[PDB]
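What follows is the content of run18.txt, which has compact mmCIF, C-alpha atoms:
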```
# COMPACT_ATOMS: atom_id res chain seq x y z
CA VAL A 1 46.63 31.37 402.04
CA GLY A 2 50.37 31.64 401.41
CA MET A 3 49.96 32.20 397.67
CA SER A 4 47.18 34.74 398.21
CA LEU A 5 49.23 36.59 400.83
CA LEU A 6 52.22 36.72 398.48
CA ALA A 7 49.99 37.98 395.67
CA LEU A 8 48.68 40.84 397.82
CA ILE A 9 52.12 41.85 399.10
CA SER A 10 53.52 42.16 395.58
CA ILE A 11 50.46 44.17 394.52
CA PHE A 12 50.83 46.39 397.58
CA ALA A 13 54.54 46.79 396.86
CA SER A 14 53.80 47.61 393.22
CA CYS A 15 51.20 50.18 394.27
CA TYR A 16 53.73 51.53 396.77
CA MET A 17 56.36 52.10 394.07
CA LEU A 18 53.86 53.81 391.76
CA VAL A 19 52.88 56.40 394.38
CA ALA A 20 56.52 56.94 395.37
CA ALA A 21 57.48 57.52 391.73
CA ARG A 22 54.63 60.03 391.49
CA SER A 23 55.92 61.92 394.53
CA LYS A 24 59.52 62.00 393.31
CA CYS A 25 58.63 63.20 389.81
CA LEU A 26 55.79 65.55 390.80
CA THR A 27 57.54 67.42 393.62
CA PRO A 28 60.19 69.06 391.37
CA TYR A 29 57.68 70.45 388.87
CA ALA A 30 55.36 71.65 391.64
CA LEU A 31 57.55 73.61 394.03
CA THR A 32 57.31 77.22 392.79
CA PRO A 33 55.41 76.83 389.49
CA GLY A 34 52.21 75.25 388.32
CA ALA A 35 53.48 73.79 385.05
CA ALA A 36 53.26 70.15 384.05
CA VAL A 37 53.51 69.84 380.26
CA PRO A 38 49.85 69.07 379.62
CA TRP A 39 50.17 65.28 379.49
CA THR A 40 52.89 65.48 376.84
CA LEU A 41 55.47 64.82 379.56
CA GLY A 42 52.84 64.04 382.20
CA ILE A 43 52.26 60.49 380.94
CA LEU A 44 55.73 59.32 379.90
CA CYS A 45 57.50 60.59 383.02
CA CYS A 46 55.23 59.80 385.97
CA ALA A 47 51.61 59.93 387.14
CA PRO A 48 49.79 62.81 385.37
CA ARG A 49 47.18 62.67 388.15
CA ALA A 50 48.13 66.19 389.28
CA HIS A 51 45.08 68.46 389.26
CA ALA A 52 46.47 71.57 387.56
CA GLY D 1 75.63 104.19 402.33
CA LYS D 2 71.84 104.43 402.63
CA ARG D 3 70.81 102.96 399.28
CA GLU D 4 68.39 100.40 400.76
CA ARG D 5 64.82 101.10 399.62
CA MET D 6 64.37 97.82 397.74
CA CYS D 7 61.67 95.15 397.97
CA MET D 8 62.98 94.09 401.39
CA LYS D 9 61.24 97.10 402.94
CA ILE D 10 58.30 96.78 400.53
CA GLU D 11 57.39 93.25 401.63
CA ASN D 12 59.04 93.15 405.10
CA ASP D 13 56.72 90.34 406.28
CA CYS D 14 57.25 87.23 404.13
CA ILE D 15 59.79 86.13 406.76
CA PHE D 16 57.98 83.92 409.28
CA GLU D 17 60.97 83.31 411.61
CA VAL D 18 60.38 79.59 412.08
CA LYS D 19 60.99 78.91 415.78
CA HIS D 20 61.51 75.44 417.24
CA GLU D 21 60.31 75.27 420.85
CA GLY D 22 60.35 79.07 420.63
CA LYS D 23 63.91 79.23 419.25
CA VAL D 24 64.09 80.85 415.81
CA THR D 25 65.89 78.28 413.65
CA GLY D 26 64.79 79.12 410.10
CA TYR D 27 62.88 81.56 407.90
CA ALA D 28 59.92 80.78 405.63
CA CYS D 29 58.93 82.89 402.63
CA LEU D 30 56.42 82.83 399.77
CA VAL D 31 56.80 82.72 395.99
CA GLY D 32 54.03 82.62 393.38
CA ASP D 33 51.15 80.99 395.28
CA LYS D 34 53.67 78.71 397.02
CA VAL D 35 55.45 78.75 400.38
CA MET D 36 59.18 78.07 400.61
CA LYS D 37 60.61 76.54 403.78
CA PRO D 38 63.71 74.33 404.16
CA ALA D 39 62.86 70.73 404.98
CA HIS D 40 65.94 70.00 407.10
CA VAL D 41 65.00 72.79 409.52
CA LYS D 42 61.99 72.49 411.81
CA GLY D 43 60.05 74.65 414.23
CA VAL D 44 56.83 76.56 414.76
CA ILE D 45 54.66 77.69 411.84
CA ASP D 46 52.59 79.86 414.19
CA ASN D 47 50.72 81.55 411.33
CA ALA D 48 47.47 79.60 411.44
CA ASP D 49 47.08 79.63 407.66
CA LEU D 50 50.57 78.17 407.20
CA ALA D 51 50.48 76.06 410.38
CA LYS D 52 47.75 73.72 409.10
CA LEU D 53 49.27 73.17 405.64
CA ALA D 54 51.00 70.05 404.33
CA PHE D 55 54.51 70.29 402.87
CA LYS D 56 56.72 67.88 400.97
CA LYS D 57 60.05 66.89 402.53
CA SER D 58 62.11 65.82 399.51
CA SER D 59 65.66 65.64 400.84
CA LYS D 60 67.05 65.87 397.30
CA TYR D 61 65.71 69.44 397.32
CA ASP D 62 65.27 69.93 401.10
CA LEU D 63 62.29 72.20 400.44
CA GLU D 64 58.73 72.52 401.75
CA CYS D 65 56.48 73.66 398.92
CA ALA D 66 52.85 74.57 399.58
CA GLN D 67 49.66 76.11 398.20
CA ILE D 68 49.25 79.37 400.12
CA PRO D 69 45.79 81.02 400.33
CA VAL D 70 44.97 84.56 399.20
CA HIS D 71 45.90 85.68 402.72
CA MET D 72 49.51 86.17 401.52
CA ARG D 73 49.00 86.63 397.77
CA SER D 74 49.58 90.35 398.28
CA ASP D 75 52.14 89.82 401.08
CA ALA D 76 54.26 87.99 398.50
CA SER D 77 57.65 88.28 396.82
CA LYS D 78 58.31 88.00 393.10
CA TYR D 79 60.89 85.50 391.86
CA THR D 80 63.02 84.68 388.83
CA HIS D 81 64.12 81.67 386.80
CA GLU D 82 67.20 83.54 385.51
CA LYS D 83 70.39 84.65 387.25
CA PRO D 84 72.19 87.78 385.98
CA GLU D 85 75.53 86.84 387.56
CA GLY D 86 76.69 89.56 389.94
CA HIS D 87 75.50 91.20 393.16
CA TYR D 88 72.17 90.43 394.83
CA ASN D 89 70.44 91.79 397.92
CA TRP D 90 70.64 89.98 401.26
CA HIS D 91 69.26 90.35 404.79
CA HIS D 92 72.39 90.07 406.97
CA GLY D 93 74.65 91.57 404.29
CA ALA D 94 74.99 91.16 400.53
CA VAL D 95 75.18 88.37 397.94
CA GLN D 96 78.21 87.97 395.67
CA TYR D 97 77.24 85.57 392.87
CA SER D 98 80.43 84.65 391.07
CA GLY D 99 80.32 82.59 387.90
CA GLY D 100 77.99 79.73 388.77
CA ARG D 101 78.62 79.94 392.52
CA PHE D 102 77.01 81.82 395.40
CA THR D 103 79.19 83.29 398.14
CA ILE D 104 79.23 85.90 400.90
CA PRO D 105 82.08 87.73 402.65
CA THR D 106 84.21 85.36 404.71
CA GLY D 107 82.84 84.97 408.22
CA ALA D 108 79.73 87.00 407.38
CA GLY D 109 76.25 85.82 408.24
CA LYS D 110 75.88 82.84 410.56
CA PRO D 111 74.71 79.20 410.71
CA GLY D 112 71.34 77.96 411.88
CA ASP D 113 69.48 80.57 409.79
CA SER D 114 68.64 78.54 406.68
CA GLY D 115 65.84 80.46 404.99
CA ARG D 116 67.13 84.00 404.34
CA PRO D 117 65.12 84.85 401.20
CA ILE D 118 68.02 86.38 399.29
CA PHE D 119 66.88 89.28 397.12
CA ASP D 120 67.95 90.57 393.71
CA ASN D 121 69.15 94.07 392.86
CA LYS D 122 65.88 94.66 390.97
CA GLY D 123 63.76 94.03 394.07
CA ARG D 124 62.91 90.37 393.44
CA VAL D 125 63.87 86.87 394.60
CA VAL D 126 66.43 84.64 392.89
CA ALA D 127 67.75 82.35 395.65
CA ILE D 128 67.10 80.96 399.12
CA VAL D 129 69.90 80.12 401.54
CA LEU D 130 70.36 76.54 402.73
CA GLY D 131 73.93 76.10 403.96
CA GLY D 132 77.40 77.63 404.14
CA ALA D 133 80.95 76.57 403.22
CA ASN D 134 83.81 78.58 404.75
CA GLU D 135 86.80 77.78 402.59
CA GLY D 136 90.20 79.36 403.13
CA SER D 137 89.42 81.80 400.32
CA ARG D 138 85.83 82.86 401.06
CA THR D 139 82.40 81.59 402.12
CA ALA D 140 80.24 79.58 399.74
CA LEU D 141 76.77 78.30 400.60
CA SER D 142 74.22 75.69 399.59
CA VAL D 143 71.12 77.31 398.07
CA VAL D 144 68.12 76.56 395.85
CA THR D 145 67.41 78.08 392.45
CA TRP D 146 64.75 77.71 389.75
CA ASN D 147 65.38 76.59 386.17
CA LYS D 148 62.97 77.38 383.33
CA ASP D 149 60.51 74.90 384.86
CA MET D 150 62.58 72.60 387.09
CA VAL D 151 63.02 73.70 390.71
CA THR D 152 66.60 72.53 391.20
CA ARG D 153 69.16 72.96 393.99
CA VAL D 154 72.91 73.49 394.39
CA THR D 155 75.14 72.48 397.30
CA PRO D 156 78.84 73.42 397.05
CA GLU D 157 81.34 70.94 398.43
CA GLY D 158 82.24 71.40 402.09
CA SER D 159 78.99 73.26 402.81
CA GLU D 160 77.30 72.51 406.14
CA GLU D 161 73.75 73.21 407.28
CA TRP D 162 73.26 76.90 408.07
CA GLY R 1 48.92 112.41 391.46
CA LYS R 2 47.67 112.85 387.89
CA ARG R 3 49.54 110.26 385.79
CA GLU R 4 46.59 108.58 384.02
CA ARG R 5 46.71 109.11 380.25
CA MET R 6 46.99 105.44 379.31
CA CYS R 7 44.92 103.22 377.00
CA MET R 8 42.02 103.41 379.48
CA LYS R 9 41.12 106.89 378.22
CA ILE R 10 42.25 106.16 374.65
CA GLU R 11 39.57 103.49 374.21
CA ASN R 12 37.12 104.54 376.97
CA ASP R 13 34.33 102.44 375.37
CA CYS R 14 35.56 98.84 375.02
CA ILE R 15 33.76 98.38 378.35
CA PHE R 16 30.02 97.83 377.97
CA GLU R 17 28.50 97.27 381.46
CA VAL R 18 26.72 93.95 380.96
CA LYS R 19 23.40 94.37 382.81
CA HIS R 20 21.13 91.64 384.17
CA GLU R 21 17.59 93.03 384.50
CA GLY R 22 19.32 96.38 384.00
CA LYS R 23 21.68 95.69 386.92
CA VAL R 24 25.30 95.93 385.78
CA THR R 25 26.86 92.65 386.94
CA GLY R 26 29.98 92.38 384.75
CA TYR R 27 31.88 93.99 381.89
CA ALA R 28 32.62 93.05 378.27
CA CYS R 29 35.74 94.15 376.40
CA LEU R 30 37.29 93.76 372.95
CA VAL R 31 40.72 92.32 372.14
CA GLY R 32 42.22 91.93 368.67
CA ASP R 33 39.10 91.06 366.63
CA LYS R 34 37.62 89.13 369.59
CA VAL R 35 35.12 90.04 372.31
CA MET R 36 35.71 88.84 375.87
CA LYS R 37 32.95 88.32 378.42
CA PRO R 38 33.01 86.34 381.70
CA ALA R 39 30.94 83.18 381.47
CA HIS R 40 29.75 82.95 385.08
CA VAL R 41 28.16 86.41 384.83
CA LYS R 42 25.07 87.16 382.75
CA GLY R 43 22.90 90.07 381.70
CA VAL R 44 22.30 92.44 378.79
CA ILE R 45 24.63 92.79 375.79
CA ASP R 46 22.50 95.61 374.37
CA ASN R 47 25.03 96.48 371.66
CA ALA R 48 23.43 94.89 368.61
CA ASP R 49 26.65 93.48 367.15
CA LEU R 50 27.38 91.76 370.48
CA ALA R 51 23.75 91.24 371.55
CA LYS R 52 23.02 88.65 368.84
CA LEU R 53 26.36 86.83 369.10
CA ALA R 54 26.98 83.23 370.19
CA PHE R 55 29.64 82.52 372.82
CA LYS R 56 31.23 79.41 374.24
CA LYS R 57 30.65 78.67 377.93
CA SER R 58 33.71 76.63 378.88
CA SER R 59 33.54 76.86 382.67
CA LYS R 60 37.08 75.48 382.76
CA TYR R 61 38.06 78.96 381.55
CA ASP R 62 34.87 80.87 382.48
CA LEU R 63 35.02 83.03 379.36
CA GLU R 64 32.77 83.80 376.39
CA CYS R 65 34.85 84.10 373.22
CA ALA R 66 33.42 85.77 370.14
CA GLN R 67 34.17 87.45 366.81
CA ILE R 68 33.80 91.22 366.47
CA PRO R 69 32.76 92.81 363.14
CA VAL R 70 34.87 95.35 361.24
CA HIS R 71 32.83 98.44 362.15
CA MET R 72 33.69 98.01 365.85
CA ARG R 73 37.34 97.06 365.29
CA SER R 74 37.95 100.82 365.17
CA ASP R 75 37.18 100.55 368.90
CA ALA R 76 39.69 97.85 369.83
CA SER R 77 42.24 97.14 372.57
CA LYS R 78 45.71 95.70 372.03
CA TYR R 79 46.97 92.88 374.23
CA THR R 80 50.05 90.90 375.27
CA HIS R 81 51.15 87.29 375.67
CA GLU R 82 54.11 88.14 377.95
CA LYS R 83 53.85 89.28 381.57
CA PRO R 84 56.56 91.67 382.82
CA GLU R 85 55.85 90.99 386.50
CA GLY R 86 55.27 94.31 388.23
CA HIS R 87 52.66 97.07 388.39
CA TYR R 88 49.83 97.35 385.86
CA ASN R 89 46.88 99.66 385.25
CA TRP R 90 43.36 99.20 386.62
CA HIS R 91 39.98 100.91 386.55
CA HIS R 92 39.32 100.98 390.31
CA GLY R 93 42.96 101.37 391.38
CA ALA R 94 46.33 99.72 390.68
CA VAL R 95 47.75 96.26 389.99
CA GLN R 96 50.59 94.66 391.97
CA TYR R 97 51.59 91.68 389.82
CA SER R 98 53.76 89.74 392.22
CA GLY R 99 55.45 86.55 391.09
CA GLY R 100 52.83 84.88 388.93
CA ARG R 101 50.06 86.42 391.03
CA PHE R 102 47.63 89.24 390.37
CA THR R 103 46.57 91.21 393.45
CA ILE R 104 45.16 94.56 394.58
CA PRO R 105 44.99 96.40 397.94
CA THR R 106 43.00 95.03 400.86
CA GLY R 107 39.32 95.78 400.39
CA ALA R 108 39.93 97.73 397.19
CA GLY R 109 37.44 97.35 394.38
CA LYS R 110 34.33 95.25 394.93
CA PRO R 111 32.62 91.96 394.00
CA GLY R 112 29.96 91.58 391.34
CA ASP R 113 32.28 93.36 388.88
CA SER R 114 33.96 90.39 387.25
CA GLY R 115 35.29 91.66 383.93
CA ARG R 116 37.43 94.75 384.63
CA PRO R 117 39.74 94.43 381.59
CA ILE R 118 42.95 95.17 383.48
CA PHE R 119 45.30 97.34 381.43
CA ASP R 120 49.07 97.30 380.97
CA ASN R 121 51.40 100.12 381.99
CA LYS R 122 52.29 100.41 378.28
CA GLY R 123 48.65 101.11 377.38
CA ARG R 124 47.42 97.62 376.50
CA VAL R 125 45.40 94.75 378.02
CA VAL R 126 47.19 91.92 379.84
CA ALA R 127 44.49 90.48 382.13
CA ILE R 128 40.73 90.31 382.65
CA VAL R 129 39.38 90.04 386.19
CA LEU R 130 37.08 87.12 386.99
CA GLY R 131 36.92 86.66 390.75
CA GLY R 132 38.23 88.11 393.98
CA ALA R 133 39.61 86.83 397.25
CA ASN R 134 39.79 88.83 400.49
CA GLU R 135 41.31 86.80 403.32
CA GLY R 136 42.87 88.10 406.53
CA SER R 137 45.57 90.58 405.52
CA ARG R 138 45.15 91.55 401.86
CA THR R 139 43.41 90.67 398.59
CA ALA R 140 43.94 88.34 395.63
CA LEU R 141 41.75 87.54 392.63
CA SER R 142 40.99 85.05 389.87
CA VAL R 143 41.86 86.25 386.36
CA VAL R 144 42.72 85.01 382.86
CA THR R 145 46.06 85.21 381.06
CA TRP R 146 47.26 84.16 377.60
CA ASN R 147 50.33 82.00 377.04
CA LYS R 148 52.23 81.96 373.74
CA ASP R 149 49.12 80.58 372.01
CA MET R 150 46.90 78.85 374.58
CA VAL R 151 44.41 80.89 376.62
CA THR R 152 44.79 79.75 380.23
CA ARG R 153 43.23 80.86 383.53
CA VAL R 154 44.39 81.20 387.14
CA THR R 155 42.27 81.05 390.30
CA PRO R 156 43.93 81.49 393.72
CA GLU R 157 42.74 79.13 396.43
CA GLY R 158 39.84 80.45 398.47
CA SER R 159 38.77 82.98 395.82
CA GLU R 160 35.08 83.86 395.58
CA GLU R 161 33.21 85.19 392.56
CA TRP R 162 33.58 88.97 392.29
```
Encoded form using structure tokens:
Amino acid sequence: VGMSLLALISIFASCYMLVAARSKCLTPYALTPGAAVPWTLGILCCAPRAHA
Amino acid sequence: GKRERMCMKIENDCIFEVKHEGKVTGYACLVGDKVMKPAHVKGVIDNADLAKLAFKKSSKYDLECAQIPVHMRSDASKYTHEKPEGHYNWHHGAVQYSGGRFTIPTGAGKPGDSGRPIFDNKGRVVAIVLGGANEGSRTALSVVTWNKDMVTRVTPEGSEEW
Amino acid sequence: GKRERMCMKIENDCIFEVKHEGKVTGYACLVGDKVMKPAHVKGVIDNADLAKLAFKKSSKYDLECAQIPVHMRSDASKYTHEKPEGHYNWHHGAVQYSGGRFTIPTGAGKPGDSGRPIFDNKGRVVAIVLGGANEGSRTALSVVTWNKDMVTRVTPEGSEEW
């Protein structure tokens, strides 16, 4: 149970960082403009999961 | 004296006079299918369309972007990503944009009125007020601008929340 | 009052009144060797050169590209890739291009008239209407623009087919 609980917490933490990184890098591009470098800089920088 | 027939009178309604517990504390505006509203301020968003909308609260930019409906897309205000250094239009006065620094006449304006959708001399938007720094020389102010694509921000040293 | 001598009258026939069952539902125009036609609308393309032509139906852009022969290039319409945000020409009225947003007066125009090849104040074509959006105060619409090379599209939230 301890090993499984540790495994989940790290996965949850890792998922937590990924979403946070998406928010930090997506908010600047999407404040006034809809412009997100169609996956040229959408993949390397952060999550390209923005709709656009 | 009376040379004021610019976009301020044309739009006249993008200001939503954000009011916390009924006390006007900030001013929200709109730019290109988006809604601008300082994050550090708070209050009422009475407009039902805007009231039920989710904003970001990035402190690095201290802005509340949005996706406004078509209910404002004609009650809007054009913008710019370029700054022809000089004089720009303001609500409570004027804007004196020195080389890479915003400022207003010393003691002019007031604090607790963040939004203030500063206007350009062409009848468009180039800046939004965030703060104010009253140095011995004159009054600077923290504001937000827009690069080619990046929506950046500037905060001069000694500037407090306004 | 009378200040309409722009490209609208110069061409006067790029517009073809696409008719479904004889009912005009949309409009087809011509732009630099190409023929534009909204995808989501349908009807009659009676003009023989355009009647027997094959279009794409990319709903992501909701257009019908094409190639126009030489004999009809005499009836053409110049275009632009750059948008000087401001006022532009229209068939049913005017065009207030706010910051990255097409719009027209509240209740102006009508639905079921998608195409409407919006014209530039210089006598050119800068936008084709697709949809329309009439919420509380005023009106927006869904249209197509052209970037440096790529042909994009914009659709304001809450916009219905017009």
>> Only residues of chain D matter here; which ones have an atom within 8 Å of chain R, counting only C-alpha atoms? Give them as a ChimeraX atom specification.
In response: /D:31-33,67-79
>> Need the shell around residue D:114: protein/DNA/RNA residues with any atom at most 9 Å away, counting only C-alpha atoms. Skip same-chain ones fewer than 5 positions apart. Format as a PyMOL selection string?
In response: chain D and resi 25-27+37-38+40-41+128-131+161-162
Using only C-alpha atoms, which protein or nucleic acid residues come within 8 Å of residue R:118? Drop anything in the same chain fewer than 4 positions from it, and give the result as a JSON list (two decimals) with C-alpha atoms, keeping the file's coordinate frame.
```
[["chain", "number", "residue", "atom", "x", "y", "z"],
["R", 88, "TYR", "CA", 49.83, 97.35, 385.86],
["R", 89, "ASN", "CA", 46.88, 99.66, 385.25],
["R", 90, "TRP", "CA", 43.36, 99.20, 386.62],
["R", 91, "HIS", "CA", 39.98, 100.91, 386.55],
["R", 125, "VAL", "CA", 45.40, 94.75, 378.02],
["R", 126, "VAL", "CA", 47.19, 91.92, 379.84],
["R", 127, "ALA", "CA", 44.49, 90.48, 382.13],
["R", 128, "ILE", "CA", 40.73, 90.31, 382.65],
["R", 129, "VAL", "CA", 39.38, 90.04, 386.19]]
```
>> Residues near residue D:7, anyone? I mean within 8 Å using all atoms listed in the file, not counting same-chain ones fewer than 4 positions away, as a PyMOL selection string.
In response: chain D and resi 11-12+119+123-124
> For chain A, which residues have at least one atom within 12 Å of chain R, if we go by only C-alpha atoms? Write them as number ranges by chain, please.
Replying inline: A: 32-35, 38, 52
Tell me which protein, DNA and RNA residues are within 6 Å of residue D:29, counting all atoms listed in the file, leaving out same-chain ones fewer than 3 positions away, and put them as a PDB file with C-alpha atoms, keeping the file's coordinate frame.
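File written: result-v4.pdb
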```pdb
ATOM      1  CA  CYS D  14      57.250  87.230 404.130  1.00  0.00           C
ATOM      2  CA  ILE D  15      59.790  86.130 406.760  1.00  0.00           C
ATOM      3  CA  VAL D  35      55.450  78.750 400.380  1.00  0.00           C
ATOM      4  CA  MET D  36      59.180  78.070 400.610  1.00  0.00           C
TER       5      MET D  36
END
```
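Atom CA of residue A:36 sits 8.7 Å away from atom CA of residue D:149.
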> So how many Å separate atom CA of residue R:47 and atom CA of residue R:116, to one decimal?
Replying inline: 18.0 Å
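The residue that comes closest to residue D:59, out of A:43, A:19, A:28, A:4 and on the basis of only C-alpha atoms, is A:28.
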> Taking into account only C-alpha atoms, which residue in the set A:1, A:25, A:17, A:9 is nearest to residue D:60?
Replying inline: A:25
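Residues surrounding stretch 50-54 of chain D within 7 Å are residues 45, 46 and 66 of chain D [only C-alpha atoms; sequence separation below 4 positions excluded].
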> Distance atom CA of residue R:115-atom CA of residue R:28, one decimal place?
Replying inline: 6.4 Å
> Nearest to residue R:4: which of R:150, R:144, R:94, R:108 is it, counting all atoms listed in the file?
Replying inline: R:94
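Residues having any atom no farther than 12 Å from (52.5, 60.6, 386.0) (counting all atoms listed in the file) are residues 18, 19, 20, 21, 22, 23, 24, 25, 26, 27, 29, 36, 37, 38, 39, 40, 41, 42, 43, 44, 45, 46, 47, 48, 49, 50 and 51 of chain A.
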Let me know the centre plus edge lengths, in Å and rounded to one decimal, of a box with edges along x, y and z that contains all listed atoms of stretch 18-31 of chain A and is padded by 6 Å on every side, as JSON.
```
{"center_x": 56.5, "center_y": 63.7, "center_z": 392.1, "size_x": 19.3, "size_y": 31.8, "size_z": 18.5}
```
Missing atoms of stretch 38-56 of chain R rebuilt to N, CA, C and O atoms, written as a PDB file, in the frame of the given file:
```pdb
ATOM      1  N   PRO R  38      32.984  87.451 380.737  1.00  0.00           N
ATOM      2  CA  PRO R  38      33.010  86.340 381.700  1.00  0.00           C
ATOM      3  C   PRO R  38      31.795  85.445 381.553  1.00  0.00           C
ATOM      4  O   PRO R  38      30.674  85.913 381.345  1.00  0.00           O
ATOM      5  N   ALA R  39      32.029  84.135 381.657  1.00  0.00           N
ATOM      6  CA  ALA R  39      30.940  83.180 381.470  1.00  0.00           C
ATOM      7  C   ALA R  39      30.015  83.144 382.677  1.00  0.00           C
ATOM      8  O   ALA R  39      28.788  83.121 382.521  1.00  0.00           O
ATOM      9  N   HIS R  40      30.575  83.146 383.889  1.00  0.00           N
ATOM     10  CA  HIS R  40      29.750  82.950 385.080  1.00  0.00           C
ATOM     11  C   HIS R  40      28.826  84.133 385.344  1.00  0.00           C
ATOM     12  O   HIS R  40      27.886  83.996 386.134  1.00  0.00           O
ATOM     13  N   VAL R  41      29.061  85.279 384.710  1.00  0.00           N
ATOM     14  CA  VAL R  41      28.160  86.410 384.830  1.00  0.00           C
ATOM     15  C   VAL R  41      27.201  86.399 383.642  1.00  0.00           C
ATOM     16  O   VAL R  41      27.449  85.761 382.615  1.00  0.00           O
ATOM     17  N   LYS R  42      26.089  87.114 383.788  1.00  0.00           N
ATOM     18  CA  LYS R  42      25.070  87.160 382.750  1.00  0.00           C
ATOM     19  C   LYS R  42      24.345  88.493 382.829  1.00  0.00           C
ATOM     20  O   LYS R  42      24.394  89.191 383.845  1.00  0.00           O
ATOM     21  N   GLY R  43      23.674  88.844 381.735  1.00  0.00           N
ATOM     22  CA  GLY R  43      22.900  90.070 381.700  1.00  0.00           C
ATOM     23  C   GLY R  43      22.517  90.528 380.312  1.00  0.00           C
ATOM     24  O   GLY R  43      22.046  89.733 379.492  1.00  0.00           O
ATOM     25  N   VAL R  44      22.717  91.815 380.038  1.00  0.00           N
ATOM     26  CA  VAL R  44      22.300  92.440 378.790  1.00  0.00           C
ATOM     27  C   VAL R  44      23.546  92.830 378.000  1.00  0.00           C
ATOM     28  O   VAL R  44      24.500  93.390 378.553  1.00  0.00           O
ATOM     29  N   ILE R  45      23.523  92.531 376.705  1.00  0.00           N
ATOM     30  CA  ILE R  45      24.630  92.790 375.790  1.00  0.00           C
ATOM     31  C   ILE R  45      24.140  93.791 374.755  1.00  0.00           C
ATOM     32  O   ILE R  45      24.473  93.694 373.568  1.00  0.00           O
ATOM     33  N   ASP R  46      23.340  94.758 375.210  1.00  0.00           N
ATOM     34  CA  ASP R  46      22.500  95.610 374.370  1.00  0.00           C
ATOM     35  C   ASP R  46      23.089  95.913 373.002  1.00  0.00           C
ATOM     36  O   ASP R  46      22.365  95.881 372.001  1.00  0.00           O
ATOM     37  N   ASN R  47      24.379  96.237 372.940  1.00  0.00           N
ATOM     38  CA  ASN R  47      25.030  96.480 371.660  1.00  0.00           C
ATOM     39  C   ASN R  47      24.624  95.400 370.657  1.00  0.00           C
ATOM     40  O   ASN R  47      24.837  94.207 370.893  1.00  0.00           O
ATOM     41  N   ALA R  48      24.039  95.831 369.536  1.00  0.00           N
ATOM     42  CA  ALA R  48      23.430  94.890 368.610  1.00  0.00           C
ATOM     43  C   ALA R  48      24.445  93.897 368.059  1.00  0.00           C
ATOM     44  O   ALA R  48      24.164  92.697 367.961  1.00  0.00           O
ATOM     45  N   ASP R  49      25.636  94.378 367.695  1.00  0.00           N
ATOM     46  CA  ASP R  49      26.650  93.480 367.150  1.00  0.00           C
ATOM     47  C   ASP R  49      27.005  92.390 368.156  1.00  0.00           C
ATOM     48  O   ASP R  49      27.226  91.234 367.776  1.00  0.00           O
ATOM     49  N   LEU R  50      27.066  92.740 369.442  1.00  0.00           N
ATOM     50  CA  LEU R  50      27.380  91.760 370.480  1.00  0.00           C
ATOM     51  C   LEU R  50      26.128  91.124 371.070  1.00  0.00           C
ATOM     52  O   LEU R  50      26.218  90.030 371.637  1.00  0.00           O
ATOM     53  N   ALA R  51      24.970  91.779 370.954  1.00  0.00           N
ATOM     54  CA  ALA R  51      23.750  91.240 371.550  1.00  0.00           C
ATOM     55  C   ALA R  51      23.351  89.920 370.910  1.00  0.00           C
ATOM     56  O   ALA R  51      22.939  88.986 371.608  1.00  0.00           O
ATOM     57  N   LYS R  52      23.466  89.820 369.588  1.00  0.00           N
ATOM     58  CA  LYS R  52      23.020  88.650 368.840  1.00  0.00           C
ATOM     59  C   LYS R  52      24.176  87.726 368.483  1.00  0.00           C
ATOM     60  O   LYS R  52      24.185  87.109 367.414  1.00  0.00           O
ATOM     61  N   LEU R  53      25.164  87.610 369.365  1.00  0.00           N
ATOM     62  CA  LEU R  53      26.360  86.830 369.100  1.00  0.00           C
ATOM     63  C   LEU R  53      26.375  85.600 370.006  1.00  0.00           C
ATOM     64  O   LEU R  53      25.895  85.638 371.144  1.00  0.00           O
ATOM     65  N   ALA R  54      26.930  84.509 369.485  1.00  0.00           N
ATOM     66  CA  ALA R  54      26.980  83.230 370.190  1.00  0.00           C
ATOM     67  C   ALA R  54      28.363  83.029 370.792  1.00  0.00           C
ATOM     68  O   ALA R  54      29.374  83.121 370.088  1.00  0.00           O
ATOM     69  N   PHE R  55      28.402  82.751 372.092  1.00  0.00           N
ATOM     70  CA  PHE R  55      29.640  82.520 372.820  1.00  0.00           C
ATOM     71  C   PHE R  55      29.740  81.071 373.270  1.00  0.00           C
ATOM     72  O   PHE R  55      28.738  80.362 373.398  1.00  0.00           O
ATOM     73  N   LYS R  56      30.973  80.639 373.512  1.00  0.00           N
ATOM     74  CA  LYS R  56      31.230  79.410 374.240  1.00  0.00           C
ATOM     75  C   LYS R  56      31.103  79.660 375.734  1.00  0.00           C
ATOM     76  O   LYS R  56      31.217  80.793 376.207  1.00  0.00           O
TER      77      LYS R  56
END
```
